[PDB]
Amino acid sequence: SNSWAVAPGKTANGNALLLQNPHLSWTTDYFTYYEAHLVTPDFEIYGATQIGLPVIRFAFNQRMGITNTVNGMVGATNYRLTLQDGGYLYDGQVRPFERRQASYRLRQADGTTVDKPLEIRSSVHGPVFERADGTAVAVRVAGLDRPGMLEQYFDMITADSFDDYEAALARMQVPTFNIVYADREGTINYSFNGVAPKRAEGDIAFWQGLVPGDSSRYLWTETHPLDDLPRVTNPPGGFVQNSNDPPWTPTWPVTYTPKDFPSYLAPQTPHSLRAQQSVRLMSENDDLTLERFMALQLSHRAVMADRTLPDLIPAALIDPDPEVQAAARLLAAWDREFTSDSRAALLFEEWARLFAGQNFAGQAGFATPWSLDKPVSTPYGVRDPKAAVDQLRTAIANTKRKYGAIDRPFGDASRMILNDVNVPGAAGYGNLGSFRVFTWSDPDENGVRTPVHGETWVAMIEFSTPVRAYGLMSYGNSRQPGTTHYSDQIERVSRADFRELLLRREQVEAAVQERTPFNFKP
């Protein structure tokens, strides 16, 4: 997911800009986004939310808007229990479990149900699970006493002022997410939100692992208020961003450092290349128009090529194998963009899968490691050129096997296919540095691949008066058998041809194709 918010001072027109850009599976129930527009005499909201949520999570209107990215807020603890004597060891004493016998029905192949017993055991920590290896684990989830998640989002997105928004956010009913805000008044905000247990010791990695479950020493009971969490408001940089990176570069220059917060809130791991691109795309550009803002969102730079190719190529041209030599020449002529017409891109991907592991996140191959001090220009270079060339050797094989050639056009293998609509792909993996994201599948036997995850709802909003907004939904606004509204946006996506989002009543009337009057009485 990406999120930008730009302060008035950083724009040509003097109004704030907002990017909504969640990345989720294209093919998963509860992750499907839906676009809607709600208008009463007292509030207005437009945008997208996961199906079955009655409130819009990616909302905007004439006054304000928000967006969300995943932050991994560690809001649960898994505890390893020491089983002994029918109970579990805890503070030197064997202590018994709470047990209840519940049941559920299971549907059988023949349409009947059988009745199935289900013991539910709990320790002090929470409900207990046995892993396939025998480890008894108790899970302790923060914020089970926060019933107002839905109403909090509703109050945030219909906030009349930043103060009202902030008061709503401060109720701590939304247990996770980075949340970014912008408004027509000129305020922009980043908050690393969620419900975080207060802990007296241990870093994030300790708390993500199995915490020992034999001691009150590790049993937390309290959570952090909002002003204990990383936040940024109208920073001197004139923008805020998050691309799933740790909260330490939400703007440039930074307004805090990792030592200002408990160490278990968020990791201190290297920033993805997409996250690095996010910071530069914003910080390097002033006097932004909405048009230019939109063009920046399309960025699909193969940043990892920039970090590795200057070392890889000269090393590879030395190799005796003419096919390796030709691969190096193909790679060197590449402009390092993930365009449809790229003949080097697929090949580069395959080398990168070997150089940085299958998810492109490994760091060991670089000569210069990622550093907090050069946080958008590290890691750099190739540590072992000879070894990397051998990786290119294997990658030439893999590219040919998968795709049929070392030089097949990117957008001939990479297709976006919904129903009978078949269009050329462009952009690619976030971890290679592509800002706009399409997480391409493994190819089929004809070397054709499709996005499994990536751009879903994309909207860009300028809080002028009236507001101006443009959006697309990759997989359409419906997924019911036979809808014409599933594959009717993807061609536009392939051309980056965004719809004007229609908020004002006169615009809505000009565009209406179906009127459903309804009447509700309780």
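From 1 onward, residues are counted along the sequence shown.
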What stretch has the higher average Cα B-factor here, 214 to 222 or 179 to 187?
-> 214 to 222
Mean temperature factor over C-alpha atoms, higher-scoring stretch between 144 to 152 and 440 to 448 = 440 to 448
Considering only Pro320, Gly238, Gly194, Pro127, which residue's Cα atom bears the greatest B-factor as recorded?
-> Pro320
For the listed residues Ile157, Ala168, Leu281, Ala200, which one has the largest C-alpha B-factor as given in the deposited model?
-> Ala200
Pull the Cα B-factor of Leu24 out of the PDB entry and bin it into the chain's lowest, middle or highest third.
-> lowest
Chain thirds of CA B-factor: placement of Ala275 = lowest
Going by what the PDB entry lists, where does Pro253 fall on CA B-factor within its chain: lowest, middle or highest third?
-> middle
In terms of its chain's C-alpha B-factors, the third that includes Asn78 is the middle
Taking the values exactly as deposited, rank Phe338 by C-alpha B-factor within its chain and report the matching third: lowest, middle or highest.
-> middle
